[PDB]
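Alright, here's a single protein chain in two forms, structure 1 and structure 2, each given by itself as structure tokens.
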Structure 1
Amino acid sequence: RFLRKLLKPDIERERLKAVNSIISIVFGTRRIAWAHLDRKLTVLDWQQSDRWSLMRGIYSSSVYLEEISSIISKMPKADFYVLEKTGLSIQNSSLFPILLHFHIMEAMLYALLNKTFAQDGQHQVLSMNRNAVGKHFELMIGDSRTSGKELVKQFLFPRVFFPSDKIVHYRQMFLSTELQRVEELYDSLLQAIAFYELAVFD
């Protein structure tokens, strides 16, 4: 019942219980970000992508496909790719360029990154509601979701494991967000941890 709202595709529970690696994707209007996990709460890859040529008044599918192909080149292989879904709708007269930008990014990453769909028909990319992730960590107040930088600051500085290979990189990312905070980079870990705690590891 709850998984009907948490995850949009309807997937049978047996293949969820044996998942190994998951990558979480959060879009923005000026950046994208993603993180990697390996069933031991061990972070190995967590990166961002700035300096786009999009959302500058031109909506052409050629530059979209070049930019997406460059981003998807560095993303490794995994059992599932979980995706962030927002509450914007078509009813807002304004905020439509943001919605148009989001739906194009989602569709192309859905058409790509699911390589063997034409043969066996197994889905491998799925959505997750952002309000449910905030309610799990009690980051919700006034029908809205707060930042969450203090939670991940506590983690980096038993909930999630952490190797020493990328610890200095993320603490540098924490220092960079101290000057100018960005939430696309912070929402990735919260979504991944919420997935291992709701859908898996009951």
Structure 2
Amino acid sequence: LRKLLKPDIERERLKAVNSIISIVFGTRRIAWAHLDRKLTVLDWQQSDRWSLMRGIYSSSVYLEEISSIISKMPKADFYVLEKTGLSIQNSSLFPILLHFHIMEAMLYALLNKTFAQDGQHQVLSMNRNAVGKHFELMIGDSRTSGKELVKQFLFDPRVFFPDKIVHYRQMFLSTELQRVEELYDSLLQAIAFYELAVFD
């Protein structure tokens, strides 16, 4: 899967996976989702307190924020980060694009807790437009929102939300007018990863 997954990975190790963390980051918020092999969502969360993108880049503050965010996350066998697809030629995208790489870089260094010994990659990145073409959210060259798709999924469904599903429904009804897309994109990215990579 060279075109779908950016790091090279063996398919045999891809097939034998238990649960995956899917992480989506934006300028102001982080969201992630813990989803297992049986397509049942174990966790789905986003954080509001960010304290970054205030005009001063500082690696210590980034380290503190990513450490605090990672401390909440449960353990899994693979961490799927998004790929934004922006180009280095566009100057106006410079203040944002840098942020993504920084947030990507630490997320490779902080989450590969055993890379020093074994030398195996536990964190992967998958292309966004492939997910959009799979879910048919691509109108023209730009992906559309996924609020309708996640409302249809949660309300033989692809995702099997559990006892805890009432809390997820309360979160979904909680200020849905707010510009939150990372929470939807993490879940749909996890579903797309489980469909394209380990299935069929």
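FYI, numbering is relative to structure 1, first residue = 1. For clarity, a rigid core is taken as the largest C-alpha set superposing within 1.5 Å between two forms.
In a core superposition between the two structures, the Cα of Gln172 is the only one among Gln172, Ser69, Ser147, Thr29 shifting by 2 Å or more. The two forms line up on their rigid core, and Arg51 then has its Cα shifted by 2.3 Å between the two structures. Structural comparison between the two structures after rigid-core fitting shows the C-alpha of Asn20 displaced 0.4 Å.
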